[PDB]
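A.B. asks: Please see the structure below; I have some questions.
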Amino acid sequence: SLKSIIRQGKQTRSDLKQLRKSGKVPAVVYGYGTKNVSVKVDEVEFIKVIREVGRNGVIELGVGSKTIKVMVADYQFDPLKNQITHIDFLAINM
Amino acid sequence: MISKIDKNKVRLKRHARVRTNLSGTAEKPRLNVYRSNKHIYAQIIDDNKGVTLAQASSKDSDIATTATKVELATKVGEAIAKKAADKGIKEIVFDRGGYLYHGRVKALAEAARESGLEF
Amino acid sequence: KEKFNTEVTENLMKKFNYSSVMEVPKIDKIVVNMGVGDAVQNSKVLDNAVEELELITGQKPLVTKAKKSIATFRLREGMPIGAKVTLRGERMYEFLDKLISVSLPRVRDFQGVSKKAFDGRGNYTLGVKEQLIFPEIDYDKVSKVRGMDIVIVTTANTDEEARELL
Amino acid sequence: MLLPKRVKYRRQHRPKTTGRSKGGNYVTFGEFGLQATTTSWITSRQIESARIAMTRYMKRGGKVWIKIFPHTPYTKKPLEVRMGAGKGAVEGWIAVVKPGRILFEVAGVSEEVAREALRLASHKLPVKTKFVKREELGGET
Amino acid sequence: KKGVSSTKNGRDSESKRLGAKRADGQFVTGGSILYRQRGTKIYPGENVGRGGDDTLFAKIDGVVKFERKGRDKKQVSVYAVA
Amino acid sequence: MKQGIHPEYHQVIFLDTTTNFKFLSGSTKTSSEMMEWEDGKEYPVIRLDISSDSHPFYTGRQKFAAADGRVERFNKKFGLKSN
RNA sequence: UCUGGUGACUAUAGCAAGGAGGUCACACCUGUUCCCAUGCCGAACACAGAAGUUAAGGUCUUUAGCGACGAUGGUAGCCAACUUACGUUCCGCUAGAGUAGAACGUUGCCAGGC
RNA sequence: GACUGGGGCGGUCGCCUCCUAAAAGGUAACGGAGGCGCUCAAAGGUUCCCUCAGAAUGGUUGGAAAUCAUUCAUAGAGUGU
RNA sequence: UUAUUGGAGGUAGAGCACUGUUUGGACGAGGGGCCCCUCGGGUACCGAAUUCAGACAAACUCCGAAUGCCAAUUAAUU
Ligand SMILES: [Mg+2]
């Protein structure tokens, strides 16, 4: 439920491959809570969080203000590199 | 299972098929014909105006029809002509809906020429 | 005739709790039909017999599906009819057809939706007009119709017009 | 040499494909599977041989699939000719492999015997390889 | 070797030069073609006439404008030069 | 109804039970069940065999014809033989 | 904006299912003497009627099960440029499809009844 | 007689449609697939009318092949070639 | 030449909704023998029936980029 975050600027030209190289990760979150957000996140602590709660568990993603509960939707894994890209969250209902 | 469907729909096909030949709305106004079992309506309209210039309904104003008669059709067909004198327009096209030109519809048209509005 | 229709008109409302006479079945088409794997002359006598039973000509459609293995293509075929309003209701009474071995009144359900029919056979007679001047006897198919959603109101219909069930 | 895997042609001559790049095509059937990684494409003959191997070393039955099939021919024309004239006759069939396909997959066995049979396969193909577990796709909707 | 022995498929010069011959926002003269085609890859609208090879033209001067009708099939429609 | 493809009929006496009309209808002379049905579009008088009450089929099950004496008889016979 | 006729709009309209109503709309509907008409048939078309009815057609309500719409984000590809001969790589424009989210049980014009 | 992956033998030599053809057109090869050297007095014109293949089931001609029969069937048919 | 707006087509790419190819399941519509019965049981292979998932294409496309191409009573430079 604990994830340290940077907030993303949404125009992060294809050199963002640096981020992916840094272990950092992009993602977004949406649904009921708000309209749209782009974020950064660490891969390491994320693969911790998978086992931590499970696949569809209730993470509290990081903002800096209020954390949002989410039920992770989707990701676009790539083979030959063994890692994740562009996680997809979902601000659930109550 | 089996069902004699509403005849408006096959009528509708038969209405838009002739308009594909052409409608004439932009040459001179078009006159139409609806045919209920009990009685008969009519309108003139033109485009892009979208303006309905004529109406002549038997049961909608002069109630208690009572029998669908060819003659009564002729009354209405005259009455649009009188209702068109005020505009005097002009030698209109005559839509057939999707109906045959046999009469009683043909009687409406025939007694519409009776008045001073030609085709 | 329709005299029975006034009775069954009551029975099928007794039986099935409708809420309307309009939900009751009503007299609808017959269709006769005949056919041949091939014919050359007999068509004259096809029309002869069918025009003798029924008071109007039956017509000659074609096999329009490309066949080149049973015979050639578009060999003349058929004598269907639409028998209707009262020639119809009179026709249903004309049913008197036991010839010799009609001990099998054919309960089994013609089309699973609401069409149950006494599809049948022969020209010796139809319970009517024993002719006995033949080239040959020919199966005379039938259909029959009531606008409904089930074969059981129909079996009740033709049964309450006194069909043999089994 | 041998072309067991075959089909209705629909046409017997065709411009080739020559590979550029891709990823993807995760495992969906079994547990353990082989990932092609690098520069080549394939004929059927090869695949057959690999199947012989993978069926022998696994006794206990043990299940195998081939996720791909050669849908494409491979033309090659008479010996010691001058070039020019019409495209040549058929010799082969082809199943192209970009880097990321998953040729062979198995289940019913442990982690080891799989890995051995897959070594014994990848020695019998052009492409460099990689061993994989079915734990994750990159999409589940 | 050389010659032996084949087709010669190939009937390779077969041209008619179809396409489009005007554009939107283009003044145009009566009788002028807009767009060759076959079938009705484009339908006509107003101020237009078609021919015995599904060509298209403008019966009257104006300004060309293409349009959409039913999510598949387009139409062309001159509208009056002001 | 076209005029030139339509046949006709004739023959003969109406009824006794209703009014003495013939309504382009039949007259059906049967023996077992003797209804003089004036109900038929085409030819009367018709020297027919059934009224549909004759056989035990259209009306329904009936006594109509045995069909019984045979079985029972032969049975009793064979029985008494060994008895 | 209650109904109906006729127009416009990318099916966001639809399709499947169920609930409700009719003598003022419309329809089923009774019948075929005339108009006329069915390749057999008044079934259809058509003419004459209005006996019965809301069952069906058709109208209204609700449903997001089917289909159509559908972003944002990031991916493939590619225009320009540098390296490089690498089934190329790095950088700068652009920006899919698939997909999730979500949207959706139409919207307006003119006449005539009301 | 010319082409002609030397020339020769072989094959072709005109026209219609596609693909290769690089989201306008055009764009070659002894590259890949098919045709044409006509037919119609109605299969033309025009006014009206109608909508099919397939599928399900019952039924004489039973590859469920022949016509029937409704229902489902968004064009899967047919379109002189 | 560039900017701005509009615009025709259907490549790359992606995809299976037609065309055709394909794998493993589900499978039931049902069969073939060897055999029991003797009216049926039919016990490996299967067509199509209907579908779950995963794939393929110059001559398949429900879709569809960048570039270029066509014009603008439009604007800057030349
Ligand atoms: Mg491709």
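Only the coordinates and a few stated rules stand behind these numbers; no lab work does. All Cβ positions, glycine included, derive from the backbone under ideal geometry; neighbour counts span all protein chains shown.
A.B. asks: Using only Cα atoms, find the angle between the long axis of helix A:44-53 and the longest principal axis of chain A, and express it within 0 to 90 degrees, rounded to the nearest 10.
C.D. replies: With rounding to tens, the tilt is 30 degrees.
A.B. asks: Per residue of C:54-61, count partner chain C-beta atoms within 10 Å of its C-beta, then hand back the mean as an integer. Before the final figure, lay out each step's value.
C.D. replies: Working: counts 3, 8, 5, 5, 0, 0, 0, 0.
What the average comes to for C:54-61 is 3.
A.B. asks: Distance between Cα centroids, the range A:1-47 to the range E:30-82: provide it in whole Å.
C.D. replies: So the separation of the two Cα centres works out to 52 Å.
A.B. asks: If packing is taken as the average number of other Cβ atoms within 10 Å across a peptide's residues, how do B:92-105, D:95-108 rank, most packed first?
C.D. replies: Numbers: B:92-105: 16.1, D:95-108: 20.2.
Top to bottom by mean Cβ count within 10 Å: D:95-108, B:92-105.
A.B. asks: Given Cβ point charges of +1 (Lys, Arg) and -1 (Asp, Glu) and nothing else, what value in debye, to the nearest 20, does the dipole of the protein assembly as shown about its Cα centre take?
C.D. replies: Working: 127 positive and 79 negative charges, 1089 e Å.
With only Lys, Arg, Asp and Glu charged at Cβ, the dipole is about 5240 debye.
A.B. asks: Rounding to the nearest 20 debye, state how big the charge dipole of chain A is about its Cα centre with +1 on each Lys and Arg Cβ and -1 on each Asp and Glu Cβ.
C.D. replies: Working: 16 positive and 9 negative charges, 55 e Å.
Charge dipole of chain A: 260 debye, to the nearest 20.
A.B. asks: Using C-alpha positions alone, give me the convex hull volume of chain A per residue in cubic angstrom. Walk me through the intermediate numbers first.
C.D. replies: Numbers: hull volume 9.2 nm³, N = 94.
Dividing the Cα hull volume of chain A by its residue count gives 98 Å³.
A.B. asks: Work out the length of the dipole vector of chain D about its Cα centre, built from +1 on the beta-carbon of each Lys and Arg and -1 on the beta-carbon of each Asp and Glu, and round it to the nearest 20 debye.
C.D. replies: Numbers: 29 positive and 11 negative charges, 157 e Å.
Value, rounded to 20: 760 debye.
A.B. asks: A 27 angstrom limit on the alpha carbon distance is what I want to check against. Which of A:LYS48/A:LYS69; B:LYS9/C:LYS3; C:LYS65/E:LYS74 exceed it? Kindly include the intermediate steps, with their values, before the conclusion.
C.D. replies: Numbers: A:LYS48/A:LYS69 17 Å; B:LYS9/C:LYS3 37 Å; C:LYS65/E:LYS74 38 Å.
Over 27 Å Cα-Cα: B:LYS9/C:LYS3; C:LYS65/E:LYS74.
A.B. asks: If you don't mind, another one. With a Cα-only, solvent-free Debye model of chain E, what are the log10 I(q)/I(0) values at q = 0.17 Å⁻¹?
C.D. replies: -0.68
A.B. asks: What translational diffusion coefficient, to the nearest whole µm²/s, does the range B:21-110 have by Stokes-Einstein, given a Kirkwood radius computed over alpha-carbon pairs, a temperature of 20 °C and 1.002 mPa s viscosity? Numbers along the way, then the final one.
C.D. replies: Working: Rh = 13.4 Å.
Roughly 159 µm²/s, to the nearest whole number.
A.B. asks: Would you mind computing Rg(Cα) / (2.2 N^0.38 Å) for chain D, counting N as its residues?
C.D. replies: Values: Rg = 17.1 Å, N = 141, 2.2 N^0.38 = 14.4 Å.
So chain D has a normalised radius of gyration of 1.19.
A.B. asks: What residue among D:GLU111, D:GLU48, D:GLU80 shows peak mean-square fluctuation when chain D is described by a Gaussian network model with Cα springs under 10 Å?
C.D. replies: D:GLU80
A.B. asks: Which whole number gives the average, over all residues in F:40-46, of C-beta atoms from other chains lying within 10 Å of the residue C-beta? Mind dumping the intermediate values first?
C.D. replies: Working: counts 6, 9, 8, 2, 0, 0, 3.
Mean number of neighbouring Cβ atoms from other chains: 4.
A.B. asks: Which of the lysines could a cross-linker bridge to B:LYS106, judged by Cα under 21 Å and excluding same-chain residues fewer than eight apart?
C.D. replies: Partners found: B:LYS7, B:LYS13, B:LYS28, B:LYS38, B:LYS59, B:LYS69, B:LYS75, B:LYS82, B:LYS83, B:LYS90.
A.B. asks: Per residue of the range F:9-24, what does 6.51 cos²θ - 1.76 cosθ + 1.60 with θ = phi - 60° give for ³J(HN,Hα)? Whole Hz please, x for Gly and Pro, Karplus curve as stated.
C.D. replies: Result, rounded to whole Hz: 8, 6, 6, 5, 2, 3, 4, 10, 8, 7, 4, 6, 9, 10, 9, 6.
A.B. asks: Can you give me the angle between helix F:69-82 and the longest principal axis of chain F, using Cα atoms only, in degrees from 0 to 90, rounded to the nearest 10?
C.D. replies: The angle comes out near 10 degrees.
A.B. asks: Can you grab the distance from the C-alpha centre of the range F:27-83 to the C-alpha centre of the range B:1-77, Å, no decimals?
C.D. replies: Their Cα centres are 64 Å away from one another.
A.B. asks: Let me ask something else about it. Considering only the other residues whose Cβ falls under 12 Å of the Cβ of B:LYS69, what net charge follows from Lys and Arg at +1 and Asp and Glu at -1? Mind dumping the intermediate values first?
C.D. replies: Working: positive: B:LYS38, B:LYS75, B:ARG104; negative: B:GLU71.
Overall, the nearby charge balance is +2.
A.B. asks: Per-residue Cβ counts within 10 Å, from other chains only, averaged over D:72-81: what number is that? If you can, show how the numbers build up before the last one.
C.D. replies: Values: counts 0, 0, 0, 0, 0, 0, 2, 0, 1, 3.
Partner Cβ neighbours, averaged per residue: 1.
A.B. asks: Can you give me the angle between helix D:44-57 and the longest principal axis of chain D, using Cα atoms only, in degrees from 0 to 90, rounded to the nearest 10?
C.D. replies: So the helix axis and the longest Cα principal axis differ by about 30 degrees.
A.B. asks: Given the protein assembly as shown, what whole percent of its Cα pairs are spread farther than 49 Å? Let's see the in-between values first.
C.D. replies: On the way: 142846 of 234270 pairs.
Here the long-distance tail beyond 49 Å is 61 percent of all Cα pairs in the protein assembly as shown.
A.B. asks: Right, next: Holding the Cα-Cα limit at 26 Å, pick out from C:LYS67/C:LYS144; D:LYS77/D:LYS128; C:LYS29/F:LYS41 the pairs that are longer than that.
C.D. replies: Those over the limit are C:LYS67/C:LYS144; D:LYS77/D:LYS128.
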